[PDB]
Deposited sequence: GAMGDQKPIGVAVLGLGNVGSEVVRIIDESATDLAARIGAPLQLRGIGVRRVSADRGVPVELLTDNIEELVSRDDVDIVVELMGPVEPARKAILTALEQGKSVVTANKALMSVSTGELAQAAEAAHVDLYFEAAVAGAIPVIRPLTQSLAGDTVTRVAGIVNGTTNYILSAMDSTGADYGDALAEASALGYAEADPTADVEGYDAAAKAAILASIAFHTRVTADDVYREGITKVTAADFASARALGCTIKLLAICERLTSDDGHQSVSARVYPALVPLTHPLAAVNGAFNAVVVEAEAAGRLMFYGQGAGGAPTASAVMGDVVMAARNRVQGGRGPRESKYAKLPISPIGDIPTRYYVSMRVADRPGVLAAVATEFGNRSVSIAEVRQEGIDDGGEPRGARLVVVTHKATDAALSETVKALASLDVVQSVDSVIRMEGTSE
């Protein structure tokens, strides 16, 4: 006696369309892998029409009725908005329905209330598709690395910003021309703000940090800096220093001198040495680096955006949720046991690349050096040359120090007389 498992898909856009196509075209495999048939009950949408690749009788705009049906077992939330999403997720869990979602912004703001609700109803809540599109990242960090100690999660989690920077690195194009080409070729949107400013990265970083270090981290905890201040000159200096530039999401388990642990989650442009694995990740692809104590360095690479790869991840969650209902017993449980404090950006040890225009006098380098040393910052590399009998281009790369000390050093350099301007400031990671 194998009772079918009902599925309600909310959304028929880029991801939902692919999810429904798979539930259709792979029904035999899916059923065989779940143990019972996987039967689509209805599709939540706003526009109901016969021109949506599905029979209209499946389409509905009443989402609350669709997730409330008794012959529905799993609810797949693939609508954009967060308030409709949360309302659907909650009403569905309350009725004992397993939930699969891909909603970055909802998960990055509070998995606490939703996870508690799924635990109460004794049902699953899977959101693998929320981070890294098709790249399995959440399940490896919650299950495969559960017996280990993760210390660093870092990688490229935004395809648009990686395509733009990869393009600036290859062609020497200016940011504006690279963004234009990106928009034209369909890699960026009419308003790419969520990408180029780093909001998409910050949300994903909050989720990754929470999963990796067993603490609650929200998008509001993540320091955010985008790529709009990255220039072609920056890439030229980076190349001269053996680096490229990438928009990194970094999640670190930090330890202070007094021994207490904390968690950092931050996104910003970073000079990355060409030898680093992330430097070879180009185009719109994503890659996630995980440092653990017993396992060492792991890297997961693939497509972290798109209807088809995201659907792959959704369907993996769906099959697991259906399997759990067939055999009884849920999947993992929320592990936020650590209650680690959040380290702000100023406490984080990092390195600064600083590019300035300075007077072409033999004492200026001593002046800037003192400004770094007076705050206990050591200099690793310096490059100085003239511009065309007027001034000099002074590049400085520091050793590691707190972002606070380096931020204050920069402010100081700006106020110096010999410093005409501080043209660029970019952190440096990898090394």
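Absence of C-alpha coordinates is noted for several segments of the deposited sequence, namely 1-4, 393-396, 440-441.
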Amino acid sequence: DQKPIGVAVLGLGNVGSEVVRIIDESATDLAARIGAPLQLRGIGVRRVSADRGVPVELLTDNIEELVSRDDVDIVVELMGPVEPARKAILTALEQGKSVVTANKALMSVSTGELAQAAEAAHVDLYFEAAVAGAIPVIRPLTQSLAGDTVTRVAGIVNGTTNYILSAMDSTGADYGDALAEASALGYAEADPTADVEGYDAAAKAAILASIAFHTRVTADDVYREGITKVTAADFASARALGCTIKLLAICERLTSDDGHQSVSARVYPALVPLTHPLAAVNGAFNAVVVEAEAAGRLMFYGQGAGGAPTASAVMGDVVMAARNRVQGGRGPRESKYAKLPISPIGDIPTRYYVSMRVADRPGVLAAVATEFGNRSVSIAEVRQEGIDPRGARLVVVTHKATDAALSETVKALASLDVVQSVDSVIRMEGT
From here on, numbers count along this sequence of modelled residues.
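Taking only CA atoms, the mean B-factor in the PDB entry is higher for 187-195 than for the other of 187-195 and 204-212. With 325-333 and 162-170 compared on mean CA B-factor from the PDB entry, the stretch scoring higher is 325-333. Out of 220, 234, 225, 124, the entry records its largest CA B-factor for 124. In the PDB entry, residue 384 places in the middle third of its chain by CA B-factor.
Among the modelled residues of the chain, residue 361 sits in the highest third by CA temperature factor in this PDB entry. For residue 118, the recorded CA temperature factor ranks within the highest third of the chain's modelled residues. When the modelled residues of the chain are ordered by their C-alpha B factor, residue 242 lands in the lowest third.
Split the chain's modelled residues into thirds by C-alpha temperature factor. Residue 398 is in the lowest one.
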